[PDB]
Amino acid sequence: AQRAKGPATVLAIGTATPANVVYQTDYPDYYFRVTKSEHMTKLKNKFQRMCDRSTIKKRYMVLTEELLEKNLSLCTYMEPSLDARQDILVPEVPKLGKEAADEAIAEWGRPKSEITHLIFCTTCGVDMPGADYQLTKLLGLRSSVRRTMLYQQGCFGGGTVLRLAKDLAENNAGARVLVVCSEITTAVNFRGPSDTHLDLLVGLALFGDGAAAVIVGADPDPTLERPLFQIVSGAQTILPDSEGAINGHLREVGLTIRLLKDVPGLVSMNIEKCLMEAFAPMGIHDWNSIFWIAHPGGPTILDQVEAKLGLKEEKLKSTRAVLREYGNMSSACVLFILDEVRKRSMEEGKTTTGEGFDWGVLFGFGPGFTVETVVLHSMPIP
């Protein structure tokens, strides 16, 4: 007694974005006009080809042109701008998180009065008390909620929350977990004018804004609840020879991020061990008998892994589709793909929530270099 019986299960997935839709075929011109950098045609040609090959069609952004008119230090590179970003992030991150959590509880079907725990994860902004307290007040959750604040974990937080919510739901009987990952990549936005920092541009051509939420609980009551995926295990590892792959320093100019390693080649040369160690308890070594959710850090990191593993084109269709219509939304991005995996599984009438396959993987890649591999099991679809 006192503790749960079976595995953690995701019971609802809600997504939320801002109203501003920004098409990528226009974003180079916008970005070099707003920044007033029309004279640097070298970086303009470079940033253009970045967005052209990013496979992204549209992205949602809190940062409007008006918000930059009122926060002109964000049209600058290495000028003091931390307060200008935090005056946006501290309020705007819980607000987008409430929208996604409300969509998730709406699918959940049960009142918020029974949410026992809360895990909030963001890389954008930092404050005391954390965005978990802000979301608890904004959503009106029980004041008895016991919260976990994951600050500045990076694009692998989406698997961290699942690996943590499994133990929270399974070690406390009748506990239900509100998981929210809300990221506003206004944490990443500087003036173009820098031949001193070109990785800033492939970061601006890929990231977008959005919030995702799930409800996690063990031993679901199959009258009020509908199971979607059950989290069998969650793993975290440090890739060999990956020291300094991504370095993010939070200074008075915001979070400055610098890359030292070729990340897509690092993920490719090391992912097969992560699939082998995670799928060993089941005896699975064919990665095309598995449904796939991997954080779309970029087009080619999925391209190279898809080539190194010899995967079919269908495996990463949902991943690439979230990168297409939403882009990179950091940690929340993998939960978006979880939702698309379920939505497309019904739209195309496949046997189970994971496009027809029993077992599935959730990959989150971030600083370390760190790979979070989470193995899920599907739910049948009648």
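Don't overthink the numbering: it's just position in the shown sequence, from 1.
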Looking only at C-alpha temperature factors in the entry, 217-225 or 123-131, the higher average sits in 217-225
Stretch with higher mean Cα temperature factor, 282-290 vs 141-149, is 282-290
When the entry's CA B-factors for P193, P296, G154, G159 are compared, the highest one belongs to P193
Scanning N189, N71, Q236, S182 for peak Cα temperature factor in the entry gives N71
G265: C-alpha B-factor third of its chain, per the entry, is the middle
Split the chain's modelled residues into thirds by Cα B-factor; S330 lands in the lowest
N20: C-alpha B-factor third of its chain, per the entry, is the highest
Chain thirds by Cα B factor, record data; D303 belongs to the middle
Of the three thirds of the chain ranked by Cα temperature factor, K343 occupies the highest
